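[1] Coordinates only, no sequence provided:
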């Protein structure tokens, strides 16, 4: 049904201020589970989608958007039509490839060394939950069609944090190396919006951890005193940390750092067979991840 | 006037449940800034005080208590009379010498290898802020009554922290070396109380620091938002730390360490001419000091 | 040519004490980059290889070994024939799947909760650089033979260190949970050897780094004294670290941590166009990587 | 005899290029053990020495040089006559006071905030082993004769290191705060000479520790394997550290830092009743001190 969910939505059309995106023609791909979708913007040709429906478990599904009409390059890129399309894809695909040849902004940005995720195009995928990025710029006759941005949704909450933390490093490395105030300004603006989403995740991770610890030490009577102190202190540590994110304070990451340490200490020591200790150590570990990109 | 503050208090008398301590006779000692004070307990003779008023800068002031009445040895040592006296002396002298010949408990304890500060007699001085200790058992030739405990107040917070850390070392070493459970129990009880007083000082320094920040950001309207963020976050840092000290948690000093960092950062940045900033930066620094002995 | 490197080696045969492995028949699999290889042991049937040559960038290459001859199950599993084969495959595939149905030892071990990497079968893959493991016991619907071990080589040194750290966690957790001393002994023996190989890599990376610095400061005459101090001190840092690894000391990684810092500092500062500086900075960075898994 | 050693040497005279220092008149001081010595330079009056021979244990001996003839101020200060005099005093007194009123250089330097020890005058005392400094500049009618530099020889090897480490801090604090290149240059030149003496002390402390550890693990057979590894590794750690001081490398303090940690770990764990473990832990602790000012 995965295919028809696609075929049906594309046949129906995707509306936008820049025009409606409709399916032009479809064709069977290289393999049995591969298909090619040609799209139009209004009446004019837009781009092609190369899709893979997947074959569990060795083959992950993915989508490749390419063959963008150069006449529409200044219209499509950075438009709602662009957003609406990705909005659609993100609902079906965890892995995505985009040809950025016709995107002068992104190409220029990538050439000047911006991280793939903080590029104009990459930013649009980031907003939709894609955390892992790879910039292919090297074909050199070794791999055909070598100008694409690869983006994937995180495997786990751990992976999501791993990626954002890494992205933090690439960002700071780029800033110190860049000499373009206009470029740097755009990148920082994009990055800031990212921070907001990250801090708000710590907030909720903190609370879902706080309530979990409270419920633990309250109802679970057959526990140590070292354990009533672990879950106790952790609950307040997350409380302090949550307090700093709420006001979005600059000293927040220092606190999350401490809180993460004893949230980890709490999870390792209080984890057990009970449902109470299952969600206790669990919600602790969900918070520890939240702090990593800080 | 330093001498007359003394003479006036002893002439008036110092009352206690075991009797009133009054001055019997005073006499000029070997040197000009040296005097001998004979004291009575009720009507019976108690001991003699050898005092040195000091002569800045080469001579630190000190007091020597000796000639303890052996018949009253079991009534005085460990009594409020003993406490009230030291309480009095600690207000005037940074350095003190005490003959422990007539103190059987202290004597036995010192013989069994207990740290001077953790002896029955030594503990009472420790309570009053004396941190540096020396046990004389050798009259070393030119010292009369070569069975005395020497105690000095710390030069600095570093010196105070230095001394307590060293005592921590002698304590653990003693615990492993002694084979008397009754002895070890008494000592441990004393040491625990030492931990308490430091924490109790942190608890209170913490509150008086919070109130300083609370009143500052509240009433001081003409300040930055960076200062509003400084005093704000600090107030909560000290809040979190206070909670851990209150429950006497093992993770308390870890919190105190962090809170101390941004309390100092707050003090340096928010200090000013105003009474609000005078006490804000002030009370912060009092807490920072309080945390040092951890 | 990637396929023919394979076909040529299997046609030639791979010899071992338990017999020679030769290609019986090859056949086109479900997809174009998919093939099935039937193998014999001496003259008797052994197993089938399902291989994927890969299709950059969306498809990682992988190999699936299955259809193990049950009559040879006790001769093959744990033999040089098994080792020689994996040794061969590890040169061509970063991702591998192995059916452990006919491997009673591995089967029993996996059932008793041992980490996949630390199973009899899994350990042999671990030896070859495979760090990421997944135990399939659920055929999960669209997977034939749903009793397989999946192993992947690390993406990066961070990923490698990440995986080993996680395995360290599963290991200690398993030790506390199992009640079979014979089982625990085997596992611990395996894990210790893992520690060994990492250290043995550090030992050798350390020497090849020392020689690089030794030859640099010696032969490279046109260099700074800061560079003479860089390569000089580094050579001795690695010397000290090597001594601790050699005696297999518990304080070895502490030394490796420091030496790694100024080996990187040396590499960054002494790297240049010359062959002496090309290998100097080079061999330094190889040691730095070697220390990461600690 | 302590007095006559003085009286005899002063009567004999102290020769210098700037003239001979001879005793003019002597007089009994404030107390029984106090004396005043008036000195001449050639035939012209020089200064007065106020000396205290000591009275163990409560009274430490000290010497105060004051009443310097202003006509000779540019001749005496910074002369060999000045050095020879102090050379003499340092042989008898652990505590010294010097009026710096007639020393324009030192006064100006102290006024501009240089540490007492790194002043022109203070430097001369530092060379002779005096480590603790206090600058009295505040009389304000509270203490008479309030313009003196106080210098003391260290109580222990621990104290010596404590002082130098503190001096390192005052030095760096002053440098960043000062805006006089001529002044800063002089201070650094003085400080550098200090570093040399400090590094050479680590060298010998390292070796006296190295040989001590070798002798320990070699002859002491009834020791743990954790103990053969402690004393073993420490011996090599000090070796590496010693290596860096010998060439006087910039990365030296980083190494001493590590070595000090496991020299302390070695002393605590290997210390015992035996003469071998007495000097082992001992020589370890002598080295740990050496690293502190680094």
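    Ah, there it is. Numbers count the residues shown, from 1 in each chain, chains lettered A, B, ... in the order given.

[2] Going by C-alpha atoms from here, please, whenever you check contacts or count neighbours.
    Fine.

[3] Helix, strand, or coil at the residue of the stretch 151-294 of chain A found nearest chain D?
    Nearest residue of the stretch 151-294 of chain A to chain D, counting by Cα to the nearest Cα: residue A:261, 24.0 Å away. Classification of residue A:261 using DSSP: H, G, I helix; E, B strand; the rest coil returns helix.

[4] Kindly provide the distance from it to chain B.
    The spacing between residue A:261 and chain B, counted by Cα to the nearest Cα, to the nearest Å, is 11 Å.

[5] and if you look at residue A:5?
    With distances taken as Cα to the nearest Cα, residue A:5 is found 51 Å from chain B.

[6] Please apply the same query to residue A:19.
    Going from residue A:19 to chain B by Cα to the nearest Cα gives 47 Å.

[7] Show me which positions of the longest helix along chain A end up buried.
    Assignment by DSSP state H gives helix A:181-219 as the longest helix of chain A. Neighbour-count burial for helix A:181-219, counted by 16 or more other Cα atoms under 10 Å in any protein chain shown, picks out A:184, A:187, A:190-191, A:194, A:198-203, A:205-210, A:212-217.

[8] any bit of it sitting next to chain B?
    No: Helix A:181-219 is not in contact with chain B by Cα under 8 Å from any Cα of the partner chain; minimum separation 14.4 Å.

[9] Could you point out the helix or strand that follows that helix?
    helix A:225-246 (DSSP states H and E).

[10] tell me the angle of that next one relative to helix B:225-246?
    170 degrees (axes from the mean of the first three to the mean of the last three Cα atoms, to 10 degrees).

[11] How about chain A: which residue is closest to chain C?
    residue A:56 (5.7 Å).

[12] Okay, buried residues for stretch A:266-281 please.
    A:266-267, A:269-271, A:276-281.

[13] Now for the residue of the stretch 1-150 of chain A found nearest chain D, how many residues are close by?
    At 34.0 Å from chain D, residue A:113 is the closest residue in the stretch 1-150 of chain A, using Cα to the nearest Cα. Residue A:113 is flanked by 16 other residues according to other Cα atoms under 10 Å in any protein chain shown.

[14] wait, isn't it in contact with residue A:176?
    No: counting by Cα atoms under 8 Å, residue A:113 does not reach residue A:176; the two are 11.6 Å apart.

[15] Near chain C, which residues of the stretch 1-150 of chain A? Just list them.
    Proximity of the stretch 1-150 of chain A to chain C (Cα under 8 Å from any Cα) is limited to residues A:31, A:55-57, A:59, A:143.

[16] give the contact list for the closest residue to the residue of chain A closest to chain C other than its chain neighbours.
    Setting aside the residues directly before and after it, residue A:56 is nearest to residue C:142 in space (Cα to Cα, 6 or more residues apart in numbering or on different chains), at 5.7 Å. Counting by Cα atoms under 8 Å, 6 or more residues apart in numbering or on different chains, residue C:142 makes contact with A:55-57.

[17] Residue A:228 too?
    residue A:217.

[18] Could you tell me how far it is located from residue C:127?
    42 Å (Cα to Cα, to the nearest Å).

[19] SS state for the residue nearest to residue A:56?
    Classified using three-state DSSP, residue C:142 is coil.

[20] quick one, phi/psi of it?
    phi -100, psi 30 (degrees, to the nearest 10).

[21] cool, residue A:15 as well?
    Dihedral angles (degrees, to the nearest 10) for residue A:15: phi -80, psi 150.

[22] swap in residue A:147?
    Dihedral angles (degrees, to the nearest 10) for residue A:147: phi -130, psi 70.

[23] List the contacts of whichever strand or helix holds residue A:175.
    Using DSSP H and E, residue A:175 maps to helix A:157-177. Contacts to helix A:157-177, defined as Cα under 8 Å, 6+ apart, come from residues A:113-115, A:117, A:131-132, A:153-154, A:184, A:286, A:289-294.

[24] Most neighbours among the residues you listed, which one?
    residue A:117 (30 neighbours).

[25] Report how many residues lie close to the closest residue to that residue other than its chain neighbours.
    Using Cα to Cα, 6+ apart and skipping residues adjacent in sequence, the residue nearest residue A:117 is residue A:123, 5.4 Å away. Around residue A:123 sit 19 other residues, with neighbours defined as other Cα under 10 Å.

[26] Against chain B, how distant is residue A:123?
    For residue A:123, the distance to chain B - Cα to the nearest Cα - is 31 Å.

[27] same question, residue A:23
    In terms of Cα to the nearest Cα, residue A:23 sits 54 Å off from chain B.

[28] that's a strand at that residue, yeah?
    Yes: assessed by three-state DSSP, residue A:23 belongs to a strand.

[29] Contacts only, for the closest residue to it other than its chain neighbours.
    Nearest residue to residue A:23 in three dimensions, chain neighbours excluded: residue A:39, at 4.8 Å (Cα to Cα, 6+ apart). Each residue near residue A:39 by Cα under 8 Å, 6+ apart is listed here: A:21-25, A:45-49.

[30] at 6 Å instead, please
    A:22-24, A:46-48 (Cα atoms under 6 Å, 6 or more residues apart in numbering or on different chains).

[31] and it, what element?
    strand A:34-41.

[32] Distance check, the closest residue to chain B within the stretch 51-200 of chain A against residue A:208.
    Here the stretch 51-200 of chain A gets closest to chain B at one residue, residue A:199, 16.3 Å apart by Cα to the nearest Cα. In this view, residue A:199 and residue A:208 are 14 Å apart by Cα to Cα.

[33] Buried residues of stretch A:70-88, list them for me.
    Neighbour-count burial for stretch A:70-88 [16+ other Cα under 10 Å]: A:76-77, A:80-83, A:86.

[34] Could you tell me whether residue A:129 really is in a helix?
    No: the assignment for residue A:129, made by three-state DSSP, is coil rather than a helix.

[35] Nearest residue to it in space, ignoring adjacent ones along the chain?
    residue A:153 (6.0 Å).

[36] Does that neighbour touch residue A:130 like I think?
    Yes: counting by Cα atoms under 6 Å, residue A:153 does reach residue A:130; the two are 4.3 Å apart.

[37] Excluding chain neighbours, what is closest to the residue of chain A found nearest chain B?
    Among all residues of chain A, residue A:240 sits closest to chain B, at 6.5 Å; criterion: Cα to the nearest Cα. Nearest residue to residue A:240, sequence neighbours excluded (Cα to Cα, 6+ apart): residue B:240, at 6.5 Å.

[38] What number of residues are in the vicinity of that neighbour?
    Counted with other Cα under 10 Å, residue B:240 comes out at 23.

[39] Can you give me the buried ones in stretch A:254-267?
    A:255-260, A:262-267.

[40] wait, residue A:22 sits on residue A:15?
    No: if you go by Cα under 6 Å, residue A:22 and residue A:15 don't touch, sitting 8.7 Å apart.

[41] neighbour count winner among the two?
    residue A:22 (21 against 16).

[42] Can you name the residues bridging to the more buried one?
    residue A:40 (DSSP bridges).

[43] do you know how far it is from residue A:51?
    Applying Cα to Cα to residue A:22 and residue A:51 gives a distance of 16 Å.

[44] Which strands or helices does the helix or strand harbouring residue A:5 pack on?
    Residue A:5 belongs to helix A:2-12 when assigned by DSSP H and E. Secondary-structure packing of helix A:2-12 (3 or more Cα pairs under 6 Å, 6 or more residues apart in numbering or on different chains; DSSP states H and E): strand A:21-28.
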